[PDB]
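Encoded as structure tokens, the structure appears first; notes follow it.
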Protein chains: 2
Amino acid sequence: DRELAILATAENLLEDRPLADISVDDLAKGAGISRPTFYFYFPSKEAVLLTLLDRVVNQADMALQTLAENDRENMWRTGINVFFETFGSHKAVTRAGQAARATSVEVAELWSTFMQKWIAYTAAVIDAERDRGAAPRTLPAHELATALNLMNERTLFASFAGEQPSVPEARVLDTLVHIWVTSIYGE
Amino acid sequence: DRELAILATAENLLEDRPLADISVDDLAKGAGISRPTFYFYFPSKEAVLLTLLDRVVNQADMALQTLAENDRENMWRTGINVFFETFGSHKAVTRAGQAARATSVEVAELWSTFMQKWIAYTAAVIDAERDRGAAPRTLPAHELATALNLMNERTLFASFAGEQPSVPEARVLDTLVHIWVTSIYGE
Ligand SMILES: CCOC(=O)Cc1nc(-c2ccc(C(=O)NCCC(F)(F)F)cc2)cs1
Ligand SMILES: CCOC(=O)Cc1nc(-c2ccc(C(=O)NCCC(F)(F)F)cc2)cs1
């Protein structure tokens, strides 16, 4: 209600400046409520960022669940694309959420929990490919999955933030798919 | 002289706690000098971290230069190992240096400059392998190099910091070598 207005305001202002340059007053005004009324919905502007991150992460996670319930290069591209499209459609929340991992235990634990879930799912699919005889038994599945997932995190987020260096955003999906498919099917 | 004593003290204390919990007084005492005498060597404790990072980065860079001046899987392992051994022998400087990228323009620009140099060198070697007919013309060399270099940054540093998730430090070199060799030589 007013909660959604606070979240939308925060996402809107995060496109213009860091969380340190947004005050509870900024969020309050944007949602058409007083400052004390803000504190009824959220204990802090940091709790607003945590909720936004939690929604984007859960949106990615549900999209990956949807794929899982329904050629091999395209299978991997469709999974990587969940993360490219989801985080890529919420760049300001991605950037601020990643920056808050340094200062918020709750942001670090949220990120850590979902990365563990996505790595376990990556490993399970590599194992299924190995059991069906399509992928060779090279590295331990979970170790290969961990490095591929951490590559995606750093490479996607560097591209979205226009970092130097970074893969251009128009080339990053193809770049990651090549490295996943060659490292999973290669010996 | 006293400069080396300040640097050693800072590296020693960074193993115990973050830069925010080290004062110019801590560094001063460790080097056997007063606080005003500290300010003769360094403008700030942040300048001390920048100098430590600059030495570790230059040590990696010179070790890679040494390899470059002198089987293909082992060639790649020896290059990746420069970064594993160099940053892995200076874990506290690695952790604090990476954290300071968020708050120091000079740390961000140092990191960015050397990453660009290592990516350009990675691309040049992939191109040489393609020109000699050993590697296939798949992705653009510089884009493949960028993603592999960013994978190494995130995966090495997560392993060194014992992050959850992370590849165990005893498995990370083999993990990265597999992903480099399969993605560079694979189609
Ligand atoms: C039978 C269906 O199989 C598939 O759909 C293919 C599959 N893809 C994944 C997958 C998991 C994580 C990431 C990723 O990018 N992690 C990093 C996330 C982050 F946000 F950090 F970038 C990319 C892909 C698992 S299985
Ligand atoms: C003829 C000689 O060829 C060789 O020696 C093999 C070669 N290896 C590299 C190489 C460059 C960067 C990194 C790396 O890990 N970057 C990331 C650095 C960071 F610190 F971020 F981890 C790893 C390997 C270039 S060419």
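Each chain in the structure tokens gets a letter, A, B, ..., in the order shown, and its residues are numbered from 1; ligands are numbered from 1 in order too.
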Where in range 49-157 of chain A does DSSP assign alpha helix (DSSP H), given as a PyMOL selection string?
chain A and resi 49-69+72-88+91-100+105-131+141-157
Proximity check chain A to chain B, 8 Å, nearest pairs one decimal Å, only C-alpha atoms, as a tab-separated table:
```
residue	atom	partner	partner_atom	distance
A:99	CA	B:102	CA	7.6
A:102	CA	B:99	CA	7.6
A:112	CA	B:164	CA	6.1
A:115	CA	B:165	CA	7.0
A:116	CA	B:165	CA	6.1
A:139	CA	B:175	CA	6.9
A:143	CA	B:167	CA	5.7
A:144	CA	B:175	CA	6.3
A:146	CA	B:167	CA	6.4
A:147	CA	B:155	CA	6.0
A:148	CA	B:151	CA	7.7
A:150	CA	B:155	CA	6.2
A:151	CA	B:151	CA	4.1
A:152	CA	B:151	CA	7.8
A:154	CA	B:150	CA	6.3
A:155	CA	B:147	CA	6.0
A:164	CA	B:112	CA	6.1
A:165	CA	B:116	CA	6.1
A:166	CA	B:146	CA	6.5
A:167	CA	B:143	CA	5.7
A:171	CA	B:143	CA	7.8
A:175	CA	B:144	CA	6.3
A:176	CA	B:147	CA	7.5
A:178	CA	B:183	CA	7.0
A:179	CA	B:183	CA	5.2
A:182	CA	B:183	CA	5.3
A:183	CA	B:179	CA	5.2
A:186	CA	B:182	CA	5.6
A:187	CA	B:182	CA	6.8
```
All residues having an atom within 6 Å of ligand 2 (only C-alpha atoms and all ligand atoms) as a short mmCIF file (atom, residue, chain, number, x, y, z; two decimals) with N, CA and C atoms, in the first residue's frame:
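Resulting contents of out.cif:
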```cif
data_model
loop_
_atom_site.label_atom_id
_atom_site.label_comp_id
_atom_site.auth_asym_id
_atom_site.auth_seq_id
_atom_site.Cartn_x
_atom_site.Cartn_y
_atom_site.Cartn_z
N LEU B 67 57.33 -14.68 -16.30
CA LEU B 67 56.82 -15.85 -17.07
C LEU B 67 56.78 -15.53 -18.56
N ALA B 68 56.27 -14.34 -18.91
CA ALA B 68 56.03 -13.93 -20.30
C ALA B 68 57.37 -13.84 -21.05
N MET B 75 51.01 -24.14 -18.94
CA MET B 75 51.27 -22.71 -19.26
C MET B 75 50.21 -21.87 -18.54
N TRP B 76 48.93 -22.25 -18.66
CA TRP B 76 47.83 -21.45 -18.06
C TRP B 76 47.91 -21.58 -16.55
N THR B 78 50.50 -22.02 -14.63
CA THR B 78 51.64 -21.24 -14.12
C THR B 78 51.26 -19.77 -14.05
N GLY B 79 50.52 -19.24 -15.03
CA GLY B 79 50.03 -17.85 -15.00
C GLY B 79 49.00 -17.61 -13.91
N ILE B 80 47.98 -18.45 -13.83
CA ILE B 80 46.97 -18.31 -12.77
C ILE B 80 47.65 -18.41 -11.39
N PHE B 83 48.87 -15.34 -9.36
CA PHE B 83 47.81 -14.57 -8.66
C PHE B 83 47.38 -15.31 -7.39
N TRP B 118 46.20 -7.06 -17.28
CA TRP B 118 46.21 -8.55 -17.23
C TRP B 118 45.26 -9.16 -18.27
N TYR B 121 46.86 -8.82 -21.67
CA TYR B 121 47.91 -9.86 -21.82
C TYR B 121 47.24 -11.23 -22.04
N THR B 122 46.20 -11.53 -21.28
CA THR B 122 45.42 -12.78 -21.47
C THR B 122 44.96 -12.85 -22.93
N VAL B 125 47.68 -13.59 -25.50
CA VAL B 125 48.14 -15.01 -25.50
C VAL B 125 47.05 -15.85 -26.18
N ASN B 149 39.25 -13.32 -16.26
CA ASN B 149 39.98 -12.48 -15.27
C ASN B 149 39.03 -12.10 -14.12
N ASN B 152 38.44 -15.07 -11.92
CA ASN B 152 39.60 -15.32 -11.03
C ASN B 152 39.53 -14.38 -9.83
N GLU B 153 39.29 -13.10 -10.07
CA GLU B 153 39.21 -12.07 -9.02
C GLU B 153 38.19 -12.54 -7.96
N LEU B 156 39.13 -16.40 -6.50
CA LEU B 156 40.33 -16.41 -5.63
C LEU B 156 40.02 -15.71 -4.31
#
```
Using only C-alpha atoms and all ligand atoms, the residue out of A:170, A:141, A:82, A:96 with shortest distance to ligand 1 is A:82
Between atom 3 (O, counted along the ligand's line) of ligand 1 and CA of residue 134 in chain A, what distance in Å does the model show, to one decimal?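 The value is 13.8 Å.
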Nearest to ligand 1, restricted to only C-alpha atoms and all ligand atoms and choosing among A:101, A:137, A:64, A:110, comes out as A:64
| task | Choose the residue, out of A:16, A:69, A:21, A:26, that has the smallest atom-to-atom separation from ligand 1; count only C-alpha atoms and all ligand atoms. | result |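 Closest residue, counting only C-alpha atoms and all ligand atoms: A:69.
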- [ ] Find the residues around residue 42 in chain B up to 12 Å (only C-alpha atoms counted), leave out those fewer than 2 positions away in its own chain, and share them as a VMD selection string.
- [x] chain B and resid 2 to 4 6 to 7 24 27 to 28 35 to 40 44 to 52
Notebook entry, point to check: Skipping near chain neighbours, those fewer than 4 positions away, what residues fall within 10 Å of residue 59 in chain B using only C-alpha atoms, listed as a PyMOL selection string?
Noted result: chain B and resi 53-55+63-65+82-83+86-87
In Å and to one decimal, CA of residue 107 in chain A is distant from CA of residue 103 in chain B by 18.7 Å
Which residue is closest to ligand 1? Choose from A:18, A:30, A:97, A:43 and count only C-alpha atoms and all ligand atoms.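 Closest candidate: A:97.
Pairwise distance (CA of residue 41 in chain A, atom 20 (F, counted along the ligand's line) of ligand 1) equals 27.5 Å.
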